[PDB]
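Protein chains in written order, with the deposited numbering: chain B, 201 to 266; chain A, 1 to 66.
To start, the structure under review is shown below, and the notes come after it.
Number of protein chains: 2
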Amino acid sequence: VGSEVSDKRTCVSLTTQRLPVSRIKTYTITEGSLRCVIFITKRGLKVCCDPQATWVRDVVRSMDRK
Amino acid sequence: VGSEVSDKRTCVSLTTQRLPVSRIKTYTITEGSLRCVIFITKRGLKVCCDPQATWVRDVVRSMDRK
């Protein structure tokens, strides 16, 4: 959520229950080059599948040899 | 049988994306005393959390090898 609503990621957040969870944990699903992140919260869950969509050449990484 | 039906599989579902998935799979979360079942589909995601209440006898799912 922010002061802009255009392109975040394709994530959906569904609110269910109000029962406490052990910890707000995130699960990553990786199937067929598809990532999915699940946020378990005490008021709902966020599930966000990403087919490496945001994976562009940003920043440009280069590992220092050693 | 009729219009009386407040009982349903209490799962929250949203349809997002349209990319084919490797397998419509389910991940079952068990954190604390909370169970959750996540359906990955090629056009949506179903997250069904169960704090151990939706225990009905049907479906009969042999655990698809995660």
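We put the CB at the ideal spot given by N, CA and C, even for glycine.
- Counting only runs of at least 3 residues, the segment 17-64 of chain A fully encloses the following beta strand (DSSP E) elements, listed from N- to C-terminal order: 25-31, 34-41, 44-50.
- Here the alpha carbons of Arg18 of chain A and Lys208 of chain B stand approximately 17 Å from one another.
- Excluding the 5 residues flanking it on each side, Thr226 of chain B has same chain C-beta neighbours closer than 8 Å at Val237, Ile238, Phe239, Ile240, in chain order.
- Checking the DSSP bridge columns, you'll see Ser213 of chain B partnered with B:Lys246.
- If you ignore the 5 residues before and after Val212 of chain B, its C-beta comes within less than 8 Å of the C-beta of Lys246, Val247, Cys248, all in its own chain and listed in chain order.
- Just measuring C-alpha positions, the residue of A:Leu34, A:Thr28, A:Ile24 sitting nearest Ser222 of chain B is A:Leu34.
- In its chain, beyond the 5 residues on either side, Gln17, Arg18, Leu19, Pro20, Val21, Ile24 have a beta carbon closer than 8 Å to the beta carbon of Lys42 of chain A.
- With distances taken between CA atoms, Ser62 of chain A lies nearest to A:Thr28 out of A:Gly2, A:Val5, A:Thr28, A:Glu4.
- Annotation: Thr241 of chain B has no Cβ neighbours in chain A at a cutoff of 9 Å; minimum Cβ distance is about 11 Å.
- Rounded to the nearest whole angstrom, the CA to CA distance from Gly244 of chain B to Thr30 of chain A is 15 Å.
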